[PDB]
Structure formats: C-alpha cells, structure tokens
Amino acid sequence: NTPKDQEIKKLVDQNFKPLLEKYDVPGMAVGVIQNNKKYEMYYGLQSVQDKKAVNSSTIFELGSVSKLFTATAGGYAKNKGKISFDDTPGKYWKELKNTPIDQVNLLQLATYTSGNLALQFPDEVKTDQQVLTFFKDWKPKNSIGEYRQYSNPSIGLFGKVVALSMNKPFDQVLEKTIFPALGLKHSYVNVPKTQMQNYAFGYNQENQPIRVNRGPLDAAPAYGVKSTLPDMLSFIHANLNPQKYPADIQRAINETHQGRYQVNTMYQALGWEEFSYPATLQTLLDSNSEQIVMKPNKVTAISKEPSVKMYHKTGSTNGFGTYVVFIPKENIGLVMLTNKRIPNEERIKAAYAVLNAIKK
C-alpha cells in the first residue's frame, strides 16, 4: 500500500512540479483538501536572493482570486441588509447619482455586465478623485446587462459600494470582518511590516524580483489580497462547508455559489466561475480563453441549473500566479500559488489531472 498523503504528493509531483523547471518558477505552494483533511506541498524559494524556502507562512499575491473575497464581502453585506443587488452605485456613492453609471445595478457590476468597462482602470487613474471622475464620465456602449466583459474597475466599484454600505474602508471590510469571520489569520490587503519577511518576492518574466503596485484604492477589490496556502485551504474549506459559520457568513458564501448567467458552458456566479460537474477539461480551459477573458460576450439566462457543480478561479499579478478549484459533491479542493506567472491553461490542466486521479 501507499498512504493517501504520499499518493497526493506523488500526483502533485507528477503534474505541478514539472512546471517549475518548464517555466523557471522560483517557488510554488500546492494544497489539497479532501474530506476535511489538508495536504500541503511546498517547492522552491519564496526569495531567491535570500535562499528562503517556500513554507506555510509564505505570503503570495492572489491576483484575481481576490475577487472571491470581494464577492464574499458583497454577499455578506447583502444578507445583512446593507445592500441590495438591485441597488445602483449612486445610492451609496452619492456623487454618481444622475450619472450614466447609475443605471447599472450592483449585481451587474460584480458580474461585469455594465456594457462598457474594460479589463483595467486607465493607467493615469490612481487617486480617489480620478476614480470618481472616471465613473462620472462613464457612458454606456452596449445594452446594460447583456454582455459580459471581464473588468477590474467593474468589480472594483462593487467592492467600493460594499465598503460604503458598511461605513468602513474596503481593506477593513476584509481584514476586520470577512477574514476574521472565516478564520484567516494570515490574509491581508496591506501586509504589516512585521510580516514582510514572510511576503515572497514575485518574479517577472526576466526572473527579476517584483511585488504588486498599489494602484487605485478601488483596485484592491480586484487583485489586492495576499494570503498563505493554509489560509487559502481554510477558504476552500469554508466554501465546501458553509455551515461552519453563522448565518450571514454562511449565506454570504452560498451567494457566491449561485450562478447568475451563462456564457456557453461557464456559469458566472459571484466571483466564482461555476461549471456542471463532471466538467470536461476543455470546458475549464474555455473559461480562460482570450474570447471569454478579453472580449465582450452576450450573456444567456441559465437553462440547466446544475445540481452537481464545481467552481474555480484563476488569478495573477505581474509576479504571481494563483488557481483555486473545488467540487462540493466530492468534498475536495485544490489551491496553487506561485511567485511567477505560468499560463492559465497549465494551472487548469495540472489541477484537473491531480483531482481526477485522487482516489475518492
């Protein structure tokens, strides 16, 4: 026989470890949770110049996986009566009243269906007034609610409206409310100086050490969260077992599991991307295709409400890669964290092979 932990370690060795040499990745953390049992696998260095090994205290930048905490915070404020998904941003940011952006509702902002919001804020938009001027000068292009265009400013305005409804800055909404409620003790929007020695360097395509740039404050809901592998395994555990939490946090997590519309085989939930399970590999790869990620796509109402579902989300900054995935019916999830970007298809393919080969 071979113990289950050695079986998972071998599968991660055969599928994820080759990616380090293939893409010259300094460090990697891979974690699997199955039936409430966590398995952690660390590779390489969190800092090349310091020869510091990746370990359970290593803090990675989550990139777009931050959007799952913004969605959770949004579901929390919705179930606590602070917002309604039918509300518009001008209701909470009063300066946006009687402006074109005030016709899009909060759910449409969180699911990227405003009809005229690109992937990124403009480069010059950085200060608080510049973000307000951007949304004030916003004008519609496509019919509101009909086309999904993956957008950081879109969910950034949603996260900003969520924070205003709780009378707290967004970084406090996560670090004072959502992170403590989920048991995450090493997840940050702003890493304190006492934890900087655990903050890994990220590495660009020239393997130069880099870290994320503090852009507009309203970009943190889009890609500004940093966490460790044990905290992300706890976060996957929360999505698998929402009953571990009081009602409003439990309903917040379930809110992020409810698909809102379809784009081909992809269900757009709150933050999470949802799929019928079992999913083909090409279904999961399609979700990160240039056509889905970079272009506007007409949305369709959900036809098949999936009874058996699975969810995932890719995330990247300039020097980090992330991938999270879980399947509720199999009580299993996976997290991948790297301090260098690797193609999204390689993260999806490697996790697909690991999860399907793990004996249930």
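The first residue of the sequence shown is number 1, and the count goes up from there. For clarity, a rigid core is taken as the largest C-alpha set superposing within 1.5 Å between two forms.
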In terms of RMS C-alpha distance in 4 other deposited structures of this protein following rigid core superposition, 241-249 and 154-162 differ, and the farther one is 241-249
Quick check on the record: does 151-159 or 136-144 carry the larger mean Cα temperature factor? 136-144
Pick between 281-289 and 164-172: the one whose mean CA B-factor in the entry is higher. 164-172
Top Cα B-factor in this entry, restricted to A71, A238, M266, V104, sits on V104
Among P221, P230, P246, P209, single out the one with the highest C-alpha B factor in the record, please. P246
Which third of the chain holds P192 when residues are ordered by C-alpha B factor: lowest, middle or highest? middle
Thinking about Cα B factors across the chain, which third does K38 belong to? middle
Third of the chain's Cα B-factor distribution that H257 belongs to, per the entry: middle
So, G81's CA B-factor, relative to its chain, sits in which third? The highest
Can you tell me which third, lowest, middle or highest, the CA B-factor of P306 falls into for its chain? highest
